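starting from these lines, generate the structure:
(2 chains, ligands or ions: 2)
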Amino acid sequence: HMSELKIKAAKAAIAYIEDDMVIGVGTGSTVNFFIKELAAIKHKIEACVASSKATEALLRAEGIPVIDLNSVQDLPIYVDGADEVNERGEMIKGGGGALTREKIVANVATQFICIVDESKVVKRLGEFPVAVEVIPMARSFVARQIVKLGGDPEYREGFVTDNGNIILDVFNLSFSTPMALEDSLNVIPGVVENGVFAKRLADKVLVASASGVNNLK
Amino acid sequence: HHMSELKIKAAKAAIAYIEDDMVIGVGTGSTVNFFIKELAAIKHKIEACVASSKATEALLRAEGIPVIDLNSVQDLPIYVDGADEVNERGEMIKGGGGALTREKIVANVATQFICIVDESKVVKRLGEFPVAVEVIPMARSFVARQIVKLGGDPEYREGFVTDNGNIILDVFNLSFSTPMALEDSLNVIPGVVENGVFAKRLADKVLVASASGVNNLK
Ligand code: NA
Ligand code: NA
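Residues are numbered from 1 along each chain as shown, chains lettered A, B, ... in the order given. Ligands and ions are numbered 1, 2, ... in the order given. The structure is reproduced below:
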């Protein structure tokens, strides 16, 4: 029961929330269970920073106060999921299309806690595609540049990010040097951000399985 | 000699490179706007234009010049645009007008980048004019902190929103000793969309208007 696993991972992250903290909140189904857990201790936290408009709506619907990242000097914790994560804390993210604000909030946060069920853990990144956020008028050009990097880009038809851009989901990229790959995507004109998380690692990786939650990192 | 007269000379110099049935990439700004009026005179000989800004699109369309989306173009032989600074190498600082992101995209699809300037845009060394950096709005504070670590002084361009919905940090005092590495260092910052350093995509020709005429600096 994957939902039961995701709930266990979510509950394990709650043990890191200290009184009066501002908490950064990711996106996706595992994070959404965490939001319900956060709701039960919302009297203990100052506020949350949301990594997507969807996440903001869910927090507000719970009566969890939300503040703008530009107003936050100190963000001690960011809790988020991942599409793939390894023992090093490298991740592929962006399955849900929110990877740009995810990476921004993750970079302000001191501690990045990654919560996953067992199926997200991999020994080698790469089977899950890399979502690349792209200025819409640059889509064709960026696709061509990503092909030169050995990727196979697939336009996520109909989808528009929180930032008004499109997503190319990129298959078959090599992850031999993940930080160089992340950089090579981002320097392409028109690329806003990409789902390789190799320069900003998860600090903790909480992995929920039938036997409990294990700190992979 | 008006500044306007100089920009017009540069605009007319660029028209000499336009061939029948081309798709033409078009930049932004007051010098390019004189080029748009030169293009209107030959619009029948043009296939269409690619516009680097919504303002440029509106000016092209008001001249009856056909506009097409960049995603429908693969063969873009020319891109004509100005610069805030340009040197003899064809390196440029761009983005004073806030449209540097679409400017760089179109310039990168185009085969030949023709830079048209009056003589006041030419510098021996880039750097006095600030570098516009386009930033995801909720990342403004973070990006500013990261730029300060790179040795820059970022100033938020109050009230301004780019064509893409983002804000501009105009950055002073960056070092240009390694301008390509500078351009990259800004862009790998999470939340930075693009920046006005044009060091990896050079101008292929630099047409400089002065009282004496137009000189191909490059
Ligand atoms: Na880019
Ligand atoms: Na970036």
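
surely residue A:93 touches residue A:200?
No - shown here, residue A:93 and residue A:200 do not form a contact pair, counting by C-beta atoms under 8 Å, at 10.3 Å. In short, each C-beta sits where N, CA and C put it, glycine included.

can you list residues touching both of those two?
The contact sets of residue A:93 and residue A:200 overlap at residue A:103 (C-beta atoms under 8 Å, 6 or more residues apart in numbering or on different chains).

which of those two has more neighbours?
Taking other C-beta atoms under 10 Å in any protein chain shown, residue A:93 and residue A:200 do not tie; residue A:93 has more neighbours (28 against 20).

so who does the residue of chain A at minimum distance from ligand 2 touch?
Going by C-beta to the ion, ligand 2 is nearest to residue A:186 of chain A, at 4.9 Å. Residue A:186 makes contact with A:193-194, B:187-188, according to C-beta under 8 Å, 6+ apart.

narrow these to those in strands?
A:193-194 (DSSP state E).

so can I have JSON lines of the contacts of residue A:186 showing distance to ligand 1?
Putting those into JSON lines (distance: C-beta to the ion, whole Å) gives the following:
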{"residue": "A:193", "distance to ligand 1": "8"}
{"residue": "A:194", "distance to ligand 1": "9"}
{"residue": "B:187", "distance to ligand 1": "5"}
{"residue": "B:188", "distance to ligand 1": "9"}
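
can you tell me which two in the contacts of residue A:186 are farthest apart?
Checked with C-beta to C-beta, those reach their widest spread between A:194 and B:187, with 11.8 Å between them.

all helices for chain A, in order.
A:2-14, A:29-40, A:53-61, A:99-108, A:139-148, A:178-186 (DSSP state H).

residues touching residue A:215, list them.
Applying C-beta under 8 Å, 6+ apart, we find residue A:215 in contact with A:204-207.

ranking the residues you listed by neighbours, who comes first?
residue A:205 (26 neighbours).

was I right about that one contacting residue A:216?
Yes - with contact defined as C-beta under 8 Å, residue A:205 reaches residue A:216; the gap is 4.0 Å.

which residues do these two both contact?
By the contact definition C-beta under 8 Å, 6+ apart, residue A:205 and residue A:216 are jointly contacted by A:85, A:87, A:121.

would you turn the residues you listed into a markdown table with neighbour count?
Below are those laid out as a markdown table (neighbours: other C-beta atoms under 10 Å in any protein chain shown):
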| residue | neighbour count |
| --- | --- |
| A:85 | 26 |
| A:87 | 12 |
| A:121 | 17 |
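
so which of those comes closest to chain B?
Checking the shared contacts of residue A:205 and residue A:216 against chain B with C-beta to the nearest C-beta, the nearest one is residue A:85 at 18.5 Å.

give me the nearest residue to the closest one, chain neighbours excluded.
Computed as C-beta to C-beta, 6 or more residues apart in numbering or on different chains, the closest residue to residue A:85 that is not its neighbour in sequence is residue A:91, at 4.7 Å.

now swap in residue A:19 and tell me
Nearest residue to residue A:19, sequence neighbours excluded (C-beta to C-beta, 6+ apart): residue A:44, at 5.2 Å.

the one you found: how many residues sit nearby?
Neighbours around residue A:44, by other C-beta under 10 Å: 13.

how about the contacts made by it?
A:17, A:19-20 are the contacts of residue A:44 under C-beta under 8 Å, 6+ apart.

ranking those residues by neighbours, who comes first?
Neighbour max across the contacts of residue A:44 (other C-beta under 10 Å) = residue A:17, 18 neighbours.

I figured residue A:98 hits residue A:162, correct?
Yes - counting by C-beta under 8 Å, residue A:98 touches residue A:162, with 6.6 Å between them.

and the two? Which one has more around it.
Set side by side, residue A:98 and residue A:162 show more neighbours around residue A:98, with 29 against 20, by other C-beta under 10 Å.

which neighbours do residue A:98 and residue A:162 share?
Here residue A:98 and residue A:162 have residue A:52 as joint contacts, going by C-beta under 8 Å, 6+ apart.

list the contacts for residue A:161?
Here residue A:161 is in contact with A:97-98, A:100, A:133, A:167 (criterion: C-beta under 8 Å, 6+ apart).

before I go, just wanted to say thanks for your time.
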